[PDB]
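Heads up, the chain below is alone and in the form deposited in one PDB entry; it's given as structure tokens.
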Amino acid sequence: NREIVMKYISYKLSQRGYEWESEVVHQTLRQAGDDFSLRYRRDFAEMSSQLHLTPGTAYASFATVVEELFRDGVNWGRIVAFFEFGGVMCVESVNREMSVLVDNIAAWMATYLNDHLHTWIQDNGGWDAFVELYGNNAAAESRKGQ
């Protein structure tokens, strides 16, 4: 998926004011990402406090985090974490006057989605099943998985 990436990044860049599947998939993913960033605010803040970003290290940083994220397997919340992480990297790139990196990060994200998440997503009911899970309350999400 690639539109999904560009629409996400464009939105995260907006929440900081900086200009760069059905609509309900894109809205739900935005909403789930915002949820993630609130619930894991310490990790978001730690990441910001400890991210050391240059164009020369940007790929290593991107690839290292993503590899740790999915090391024990894929699930929908880690896919949300993936989008949020890339969005933050793009935000931090623009903040540090390295805006060149945004297109690179978008490409890396789209490539990771296509090459390493597409199979899992298809096998787990597609983005339609993501939206279904988001709608269900915590108790109902555990029941559906079980």
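Just so we're on the same page, rigid core means the largest C-alpha set that superposes within 1.5 Å between forms. Numbers for residues come from their place in the sequence shown, where the first is 1.
> Between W20 and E21, what class does the number of missing deposited residues fall in: none, 1 to 3, 4 to 9, or 10 or more?
Per the deposited record, the segment joining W20 and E21 lacks coordinates for 10 or more residues.
> Out of 8-16 and 128-136, which stretch has the higher average CA B-factor listed in the record?
Comparing averages over the C-alpha atoms only gives 8-16.
> Mean Cα B factor from the PDB record: higher for 32-40, or higher for 75-83?
So the stretch with the higher mean C-alpha B-factor is 32-40.
> Go through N104, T64, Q50, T111 one by one and give the residue whose Cα B-factor in the PDB entry is largest.
Result of the comparison over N104, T64, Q50, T111: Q50.
> Which of these has the highest Cα B-factor in the record: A58, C90, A45, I121?
It is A45.
> When the modelled residues of the chain are sorted by Cα temperature factor, does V100 land in the lowest, middle or highest third?
Highest third.
This next part talks about the form deposited in another entry, which is not shown.
> After the core is superposed, which of these residues, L69, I121, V94, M47, moves its CA 2 Å or more between the shown form and the other one?
The answer here is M47.
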